[PDB]
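Protein chains in written order, with the entry's author numbering: chain C, 1 to 35; chain A, 1 to 35; chain B, 1 to 35. Below is one structure, written out as structure tokens, with a few remarks after it.
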Amino acid sequence: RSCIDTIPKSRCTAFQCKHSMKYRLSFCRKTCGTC
Amino acid sequence: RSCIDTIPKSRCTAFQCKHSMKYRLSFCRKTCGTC
Amino acid sequence: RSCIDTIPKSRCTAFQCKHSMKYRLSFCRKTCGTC
Ligand SMILES: [Li+]
Ligand SMILES: [Li+]
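Right, dumping it as structure tokens:
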């Protein structure tokens, strides 16, 4: 999978990176630090 | 989430923006350029 | 982190303070007003 966020990164939060697998690995993958 | 830094911006560093999700998205969100 | 510019301040611009996290927080940290 490419290392990108698929939604605008202003819509990504630390809460969602900890609590949501889909935010952490898909919507906000890059800014959550997965890649 | 509002576009602010929650710690003083003079404690935010590029290192923390690059290497810490919580700095990049929460403590230093604005000054890291997330929003 | 010390409040200094790590490049000569004559190379620092408002545009780089606004649009680049590394200039804002590192290269031009002092002249950009981060500290
Ligand atoms: Li997120
Ligand atoms: Li600059």
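Backbone N, C-alpha and C define an ideal beta-carbon position, used for all residues, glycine too.
| Asked | Found |
| --- | --- |
| Residues around ligand 1, please: the ones whose beta-carbon is closer than 6 Å to some heavy atom of it, in chain order. | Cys-12/C, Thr-13/C, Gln-16/C, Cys-17/C, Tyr-23/C, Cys-28/C, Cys-32/C |
| Closest Cβ-Cβ distance between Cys-3/B and chain A: below 8 Å? | yes |
| Confirm, please, whether the CB-CB distance from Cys-12/B to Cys-28/B is below 8 Å. | yes |
| Looking at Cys-3/B and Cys-17/B, is the spacing between their C-beta atoms short of 8 Å? | no |
| Assign residue 99/C to one of two classes, buried (16 or more other C-beta atoms within 10 Å of its C-beta) or exposed (fewer than that). | Beyond the ends of chain C as shown, which are 1 and 35, falls residue 99/C; an answer cannot be given. |
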